[PDB]
Structure formats: structure tokens, C-alpha cells
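Before any questions on how it binds or moves, here is one chain, the form deposited in one PDB entry, in C-alpha cells.
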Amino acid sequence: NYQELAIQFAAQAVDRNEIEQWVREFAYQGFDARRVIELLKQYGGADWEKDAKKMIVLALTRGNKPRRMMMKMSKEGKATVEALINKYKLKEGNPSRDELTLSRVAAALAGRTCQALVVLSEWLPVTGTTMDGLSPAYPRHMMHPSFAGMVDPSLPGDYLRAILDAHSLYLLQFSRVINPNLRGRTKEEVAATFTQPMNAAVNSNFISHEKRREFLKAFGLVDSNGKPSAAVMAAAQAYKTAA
């Protein structure tokens, strides 16, 4: 008997809290922020912070292939990267958990990466100027995928949606630039490649909700209550009308 036993299973109702746990457990995990920092301290020692700052600059302006970027670089720079590759055992793409990538270093330390964006605005693959041509006064702090780990999910539904839609305007433009895989794919198709790690970082256990909101407030993205800035709201709408 199998037709009968299938309904009884469906009748068990939904344990909303139980499902929530499983989602978070099974969630996409591009990097473990804790392991990344653990490794940086282990390999760098006291110098872990300075090198991490450099690795952010390296990641944000030259990408995630350190041996490739080293070919088209100054004598001084090529020396500094070679040292970093050997000191932190740096790899390319997405390897094992106990491995470090420039992208992972930038992702785990999103608090600084986003502050750095203000300065590096015109050195990024998608400049702040290119972003302004889509939404006036686009928030520079939002111009890196690591931003998502700076979003507080406890924020009111309408406010949270606004932050994410604003962020996704960059994401959409950045994905098209970094990926030649784009031929002429619709906004909905492109979103499918970047929303998975976005939500992953939005809902991750690393950095509390209270602390993540304090960052957004500091960057001038939300007020004391959590109402997103006009710039955010402008970009969120710019995203809905975009293609």
C-alpha cells in the first residue's frame, strides 16, 4: 500500500522552524569566512592584516588569478604577489576549504572591502561612473559581491527588498563584464547565477544582525530605523525597470 501512506506523510503539516534549519544547513557556501580568517592569522602572523588589505586591493582591481595578473605587472608588484602566493598558499577559482583565494580573502573581510570600494571606484571592472549612468549616486559600498554579507535580514521586508534590488543592479552589470559567457541573456537568467551566493551571504551566521545593520548605517545606506537612502531606493527601482 503506497497511495494511502503518501497522504498521511503530506498531512504531517509544516514545521517552519525545522525547514529553516535545513535550508541554512544545506545553503550554498562559496567560502567559510571563519576558516579564511583562521588561515590568514596562521600564515601571516602579525602581518596578516597588512597583507589582507593588499589582497583586497589585488582582488578588487586585478581579479582572482594571481599567477595570471603577475605576467602584466610592474617588477615591484610581481615580487609582492609572488611573496603573497607563497606565504598564504594562494590558489585560483574555487578549491578545497583549507585553501585561500584573493576572492575568499575579500569575501571574508567584506567590512573593509566595501569601505575600500569608495577609493577604488574608478579602478573596478564596473566603475562608479558606469553605475551612475544606471542609477544616480549609486552606493560604492554596494559594488562588490561580498556586500551581501553586510545585509541584515532582520530588516523590514520592504527595506530589505530595496537593499537587495539596489545591490543586484551592480551584480547584473558586473556579471556581464566578468563573464564573456554573456551573449544576450535576460536579466532573469543572469540573476540566477548571482542570487544563490547573495542570499547565502545575506543569511549566513557570520557577523550578527545588529552588527551588520550598524555597518549599513555607517556606509549611509539606512537610517536609525533602517529606512534605505534615496540612492538605494533609486537603484532598487532602476533594477526592476532594467533588462
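Throughout, rigid core stands for the largest set of C-alpha atoms superposing within 1.5 Å between the two forms. Residue indices: 1-based, along the sequence shown.
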Out of the other entries of this protein with residues modelled on both sides, is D223 skipped in at least a third?
no
Where the other entries model residues on both sides, is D15 skipped in at least a third?
yes
Mean C-alpha B-factor comparison - 161-169 and 90-98, higher one
90-98
Assert higher mean C-alpha B factor (3-11 or 233-241, deposited values) equals 3-11
One of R68, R62, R212, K53 has the largest Cα B-factor in the entry, namely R68
Out of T186, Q196, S175, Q29, highest CA B-factor residue:
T186
Please rank the C-alpha B-factors of the chain's modelled residues and tell me whether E25 sits in the lowest, middle or highest third.
lowest
Where the record places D132 (Cα B-factor, split into thirds across the chain)
lowest
Going by the CA temperature factor in the PDB record, which third of the chain does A46 belong to: lowest, middle or highest?
highest
By the recorded C-alpha temperature factor, relative to the other modelled residues in its chain, which third is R104 in?
lowest
In terms of the CA temperature factor given in the entry, to which third of its chain does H144 belong: lowest, middle or highest?
lowest
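This protein has a second form, the form deposited in another entry, left out of what is shown; the following refers to that one.
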Quick one: once the rigid core is lined up, does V177 have its C-alpha move by 2 Å or more between the shown form and the other one?
no
Once the core is aligned, please say if the CA of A218 is shifted by at least 2 angstroms between the shown form and the other one.
no
Do you see a C-alpha shift of 2 Å or more at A230 between the shown form and the other one, with the core held fixed?
no
Working note: in the other form the C-alpha atoms of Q21 and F194, off by 3 Å or more, come closer
Output row for the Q29-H209 CA distance, |change| of 3 angstroms or more in the other form, reads farther
